[PDB]
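Next comes just one chain, in structure tokens: the form deposited in one PDB entry.
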């Protein structure tokens, strides 16, 4: 992990933008890839914390320019970009701030029932449109192969868990990667452009109008299975949960909800392995062990 001071952020922007003057800056938020800074109250700059984040910033920037003005909800416009530096593909990026507040589960369920059905229509229409974006022009770079991803993870996990479990416990992991690979329900879909982190914190809301007013955070945007954008909403408590997602699925006119449920089920179990992989990637030894712990069951 790398760090920035406010002055490092200022002078990093002024190098590439010698006329742009910063009057106010504060930290808007921080996630696993970038720290967000709010500058002159109308712009959000992400600065990457590591080479992986930088590449997700590169891809976000690429995807937003490319889908500019084609979706039925507002999204960030890229107004500033940095450049490669050492082991970062994109040193930073600055987007217009979309106004509003996260559409939390609490905020959503505190809403009159008609505003809830509204919001669920606005989400299906957004996804209906995001998922019918023609992808012929995207580099195959950006097309997530789920087969390869699984085999990539499997080898990393085989390497990692050889130091952490014996024969019997390891068989359970062996069995789980074999079952997934040999079930075509995970690989036989119609790829499209997906947001790929579509959850309550990236759905902005306007309490004065009481309607969704923005989608943010496309850093994970890629070509892939569109069901992923429903699965990321379904977790109860942490997310909207089944009933609300089901309304979205029906405004979208999904013809196979049971298969959405079956990919949520698989993605729920799989989460243990991501925590192990990313836990030992960054240095997050509190999730390496929480991943490790669930797996011994």
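Residue numbers count along the first chain shown, from 1.
What comes next is about the form deposited in another entry, which does not appear here.
Asks: Among 237, 23, 163, 258, which sits at the hinge where the C-alphas switch from fitting one rigid part better to fitting the other, between the shown form and the other one?
Replies: That would be 258, the one at the hinge.
Asks: At a change of 3 Å or more, would you call the C-alpha separation of residue 287 and residue 240 in the other entry closer or farther than in the form supplied?
Replies: Closer, not farther.
Asks: Shorter or longer C-alpha distance for residue 284 and residue 240 in the other entry, given it differs from this form by 3 Å or more?
Replies: Compared with this form, residue 284 and residue 240 lie closer in the other entry.
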